[PDB]
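A, B, ... follow the sequence lines: proteins, then strands. Residue 1 opens every chain. Just so it is clear, the values below take in all heavy atoms, side chains as well, and ignore hydrogens, waters and symmetry mates.
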Amino acid sequence: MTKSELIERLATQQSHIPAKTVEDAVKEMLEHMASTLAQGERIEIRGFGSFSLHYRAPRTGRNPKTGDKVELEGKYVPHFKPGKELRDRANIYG
Amino acid sequence: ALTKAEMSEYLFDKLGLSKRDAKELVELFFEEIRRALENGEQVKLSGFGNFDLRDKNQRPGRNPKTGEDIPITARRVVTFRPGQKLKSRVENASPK
DNA sequence: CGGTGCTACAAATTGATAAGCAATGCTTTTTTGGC
DNA sequence: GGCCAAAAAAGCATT
DNA sequence: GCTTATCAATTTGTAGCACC
């Protein structure tokens, strides 16, 4: 399910909420979550999950193709932890 | 941290939706994602990232307190693979 | 609009197993803006 | 909403 | 080829948000 497909589905279901509105809303919500993380702040959606940032220490890395070294500055990368409800509804195995 | 209430609020302000619609929309947004996931479908949100499902076999685990060895029962988990665009937006972020 | 009780959530334990990644050119997929 | 070409983004290699 | 994440059970302080 892509972002556009997600907008479709939401639109199809709701027959009282305009498709264009659903589109602007999703895009806006995603943009809101992205800038939220960029500002170094967490996203906590109870039952769905939470987004936070993990630090990566500077490190001498490598161009996996050439083998040439590359000096890597420390940084932050995204991290998602699925919430209980989401963990369960997704886990088909017992 | 960002919460549905705050997301609802932005939809209300920035898009002048009714507080009613701004609330249900946020809820549906996440709900639709959980749904596609519980049906075993991958979710790819361009500009943000993908929510992928992985089936993990059983493996050795234990009780961190006591130390009693316990197996980590097999399961299907949800992983999030941030995209490049998002990754770039967050690399120099400074934890507020 | 606002108070709040329920509880998911975060964190911190150990240690075997699994997932992810540095650079980057080329290919593929998705989105975009016009009709 | 559909179609199209262009552009953005992701995917692949291996990542 | 090396670094980081996953996960077990239990406790304990915190906070999302449904429901009034």
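For residues 54-74 of chain A, the set of pairs meeting the ring-ring contact (aromatic ring centres under 6.0 Å, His included) definition, not counting sequence neighbours, comprises A:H54-A:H79, A:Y55-A:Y76.
One atom, CD of A:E23, and another, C1' of D:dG1, lie 12 Å apart when rounded to the nearest Å. Taking atom NE2 of residue A:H79 and atom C1' of nucleotide C:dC9, one finds them 14 Å apart after rounding to whole Å. One atom, CZ of A:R42, and another, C1' of C:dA10, lie 7 Å apart when rounded to the nearest Å. Residue B:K85 contributes atom NZ, which lies 17 Å from atom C1' of C:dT29 at whole-angstrom precision. Spacing between atom CG of B:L86 and atom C1' of D:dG11 amounts to 17 Å, rounded to whole angstrom units. Straight-line distance from the CD1 atom of A:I43 to the P atom of C:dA8: 21 Å, rounded to whole Å. Atoms CD (B:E68) and P (C:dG15) sit 15 Å apart, rounded to a whole Å. Spacing between atom CD of A:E5 and atom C1' of D:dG1 amounts to 15 Å, rounded to whole angstrom units.
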Next on the checklist: Can you build the contact string for nucleotides 16-27 of chain C? Use B for base contact, S for sugar-phosphate-only contact, and - for no protein heavy atom under 4.0 Å.
Outcome noted: SSSSSSBB----
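Stacking status of C:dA22 with C:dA23: not stacked, per the base-ring test of centres under 5.5 Å and planes under 30°.
A:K27 has a side-chain polar atom (N or O) that falls below the 4.0 Å cut-off from OP1 or OP2 of C:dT32.
Looking only at distances, a side-chain donor or acceptor of B:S8 sits under 3.5 Å from a matching main-chain atom of B:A22.
Atom-to-atom distance recorded for A:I7:CD1 and A:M1:CE is 10.0 Å, nearest 0.5 angstrom. In this structure, the separation between OG on B:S46 and CG on B:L86 is 11.5 Å, given to the nearest 0.5 Å.
Within the 4.0 angstrom heavy-atom criterion, no nucleotide atom of any strand lies near B:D69. Using a 4.0 Å heavy-atom distance criterion, B:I70 is classed as a sugar-phosphate-only contact. Residue-level contact check: B:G67 touches neither bases nor backbone, having no heavy atom under 4.0 Å from any strand. Within 4.0 Å (heavy atoms only), B:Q84 reaches sugar-phosphate atoms of the nucleic acid but no base atom. Counting any heavy atom pair closer than 4.0 Å across all strands shown, A:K84 reaches sugar-phosphate atoms only and no base atom. Residue A:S50 is classed as a sugar-phosphate contact, given heavy-atom separations below 4.0 Å to backbone atoms only.
The footprint of chain B on DNA chain E, defined by a heavy-atom cutoff below 4.0 Å, extends from E:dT6 to E:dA18.
We find that A:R59 and A:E71 are not joined by a salt bridge, their nearest charged nitrogen and carboxylate oxygen being 4.0 Å or further apart. B:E27 and B:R34 are joined by a salt bridge, as a carboxylate oxygen and a charged side-chain nitrogen come within less than 4.0 angstrom of each other.
Across all strands shown, D:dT15 has no partner, as no Watson-Crick or G-U wobble contact with both distances under 3.5 Å is found.
Using bins of under 30°, 30° to 60° and over 60° for the plane-to-plane angle, the ring pair B:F51/A:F51 lands in the perpendicular bin.
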